[PDB]
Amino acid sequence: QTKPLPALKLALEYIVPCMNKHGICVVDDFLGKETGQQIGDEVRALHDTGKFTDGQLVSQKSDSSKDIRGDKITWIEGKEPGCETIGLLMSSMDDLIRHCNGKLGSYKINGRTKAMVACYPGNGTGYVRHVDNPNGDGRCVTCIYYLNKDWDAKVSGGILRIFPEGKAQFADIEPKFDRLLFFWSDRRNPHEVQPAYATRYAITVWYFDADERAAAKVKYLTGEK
């Protein structure tokens, strides 16, 4: 059968235990060469629309956002024509999360963001060390799909370095093709995209924990002091 593997098995026998124990989980060859290629083509096609926009921060600061993240991005719901395979990816990611039942931490994943198709043009841009969700915006799981064929960080950098909270050892995740990455979006996983010296494509979706997200949105609305 085509990729990916049954989500139930992968999630319950890998992602879940892996996530609870490490908070960082890598699934290589998630969709296989055919699909990975297709989405890598939809993403480059999307990129060629020149539509991508500099990556933005939750609470913008410092001269420019480019001081924090040097990727250009675009959001995909996954049903856009020319992004049906990204939709496929997104649905696969969703299937894995769904099959983790309620065992991803204390999280009740009931939703996610659109896919953030990201691209570090490859001019040495990266993403300084950050926490995807440091304030409790609802993001509990960060899911990333890499589209970088034969990516050699020794040459093109672009390593996603994650610093699992409490440890003095960091994980170096190569933005390699067909690689699916999962890691707690909160403070447990500060991480950085090391300077990418080649075009680095990744598709990120953040899963939301019902309660924290519900409270994220409500608190977003207000400004309190």
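Residue numbers run from 1 along the displayed sequence.
Peer 1: What stretch has the higher average Cα B-factor here, 77-85 or 123-131?
Peer 2: The recorded data point to 77-85.
Peer 1: So, looking at the entry's B-factor column for Cα atoms, which has the higher mean, 155-163 or 63-71?
Peer 2: Mean B over CA atoms: larger for 63-71.
Peer 1: Have a look at 37, 194, 185, 53 and flag the one whose Cα has the highest B-factor in the entry.
Peer 2: Among 37, 194, 185, 53, the highest C-alpha B-factor in the entry belongs to 53.
Peer 1: Looking at the C-alpha B-factor values in the deposited entry, which of 216, 203, 24, 16 comes out highest?
Peer 2: Answer, based on the entry's C-alpha B-factors: 216.
Peer 1: Sort the modelled residues of this chain by their C-alpha B factor and say whether residue 110 lands in the lowest, middle or highest third.
Peer 2: For residue 110, the deposited C-alpha B-factor lands in the highest third.
Peer 1: Where does the C-alpha B-factor of residue 172 rank in its chain, lowest, middle or highest third?
Peer 2: Its C-alpha B-factor belongs to the middle third of this chain's values.
Peer 1: In terms of the CA temperature factor given in the entry, to which third of its chain does residue 178 belong: lowest, middle or highest?
Peer 2: For residue 178, whose C-alpha B-factor we compare with every modelled residue in the chain, the answer is the lowest third.
Peer 1: Of the three thirds of its chain by CA temperature factor, lowest, middle or highest, which one includes residue 90?
Peer 2: Middle third of the chain for residue 90's C-alpha B-factor.
Peer 1: Going by the entry, which third of its chain does the Cα temperature factor of residue 101 land in?
Peer 2: It belongs to the highest third of the chain when residues are ordered by C-alpha B-factor.
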